[PDB]
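One-based numbering, in listed order, for ligands and for the atoms of each. Counting begins at 1 with the first residue of the sequence. Values reported hereafter were calculated over all heavy atoms of this structure, with side chains retained and with hydrogens, waters and symmetry mates removed.
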Amino acid sequence: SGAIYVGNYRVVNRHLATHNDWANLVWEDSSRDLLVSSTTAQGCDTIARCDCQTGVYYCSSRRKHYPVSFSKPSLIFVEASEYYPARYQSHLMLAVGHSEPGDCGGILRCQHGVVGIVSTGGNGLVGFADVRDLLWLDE
Ligand SMILES: COc1ncccc1CC(=O)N1CCC[C@H](C(N)=O)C1
Ligand SMILES: [Zn+2]
């Protein structure tokens, strides 16, 4: 689990969204595993606006932060689960690192702020759903 709180928005993995998230839906994209809902308080998380390929992510399965090199956002094939059939997930970034299903929601940060959240994993690779292109999160 885990979420980004920027202004009057809450950003979570679409597969983990609650009933409240769906009742206060602003935007969702099944192909990106993202869902944004409204909040009645003003969060102060900074979203990075950059082309960075290094950063640090939180891994709840190890209670540790890990520094990573990660790929540029792209369409990557993702195997079937109880949430999605096998498909291509867009805006995904992979890094060499540890993850388990419960790690989805862990924030990936660079020196400019929040880059995205853990969304996929397997075989010593961790995938992050990028959020740096969603410029409307600040406006
Ligand atoms: C961090 O996730 C993992 N890490 C290791 C093994 C397994 C996982 C779980 C995982 O990849 N997914 C299940 C939930 C939805 C995901 C998606 N975006 O399609 C795929
Ligand atoms: Zn940057």
Is the backbone of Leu92 close enough, under 3.5 Å, to the side chain of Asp130 for a donor and an acceptor to pair up by distance? no

So, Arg132 side chain and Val115 main chain: donor-acceptor pair closer than 3.5 Å or not? no

Answer yes when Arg14 and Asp29 have at least one side-chain N-carboxylate O distance shorter than 4.0 Å, and no when they do not. no

Could you tell me whether some N/O pair between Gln89 and ligand 1 is separated by less than 3.5 angstrom? yes

Can you sort out which atoms of ligand 1 are near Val118, meaning under 4.0 Å from one of its heavy atoms? 1 (C)

What do you reckon, does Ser99 have a nitrogen or oxygen under 3.5 Å from a nitrogen or oxygen of ligand 1? yes

Polar proximity ligand 1 side, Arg87 side, N/O cut 3.5 Å exclusive: yes

Atoms of ligand 1 less than 4.0 Å from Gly122 heavy atoms? 5 (C)

Judged by modelled atom types alone, do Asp103 and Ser60 share a side-chain donor-acceptor pair under 3.5 Å? yes

Using a distance-only test with no angle check, is there a side-chain donor-acceptor pair under 3.5 angstrom linking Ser37 and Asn24? no

Nearest option to atom 12 (N) of ligand 1, as decided by whichever heavy atom of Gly124, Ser119, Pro85 sits closest: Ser119

Between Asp45 and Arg109, does any NZ, NE, NH1 or NH2 come within less than 4.0 Å of an OD or OE carboxylate oxygen? yes

Distance from atom 14 (C) of ligand 1 to nearest protein heavy atom, with residue and atom: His15 NE2, 3.5 Å

Looking only at N/O atoms, are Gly121 and ligand 1 under 3.5 Å apart anywhere? yes

Quick one: do the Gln89 and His91 side chains pair a donor with an acceptor below 3.5 Å? no

Given the rule in the salt bridge (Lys or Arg N to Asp or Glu O under 4.0 Å) test, do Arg87 and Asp33 qualify, once you have shown the distances and angles that lead to the verdict? CA-CA 11 Å; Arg87 68 209 221 280; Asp33 182 50; 5.3 Å; no

If only side-chain N and O atoms count, and only distance matters, is there a donor-acceptor pair under 3.5 Å linking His112 with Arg49? no

Would you call the rings of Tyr9 and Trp136 parallel, tilted or perpendicular, taking 30° and 60° as the class edges? perpendicular

A student checking ligand 1 against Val78 at a 4.0 Å heavy-atom cut-off should list atoms 19 (O)

Begin from the C-alpha positions of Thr120 and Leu94 and carry the test side chain to side chain contact (heavy atoms under 4.5 Å, CB included) through to its verdict. CA-CA 9 Å; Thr120 67; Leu94 302 180; 4.2 Å; yes

Residue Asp33 vicinity, atoms of ligand 1 by number, heavy atom under 4.0 Å: 18 (N)

A correct count of protein N/O/S atoms found below 2.8 Å of the Zn ion (ligand 2) gives 3

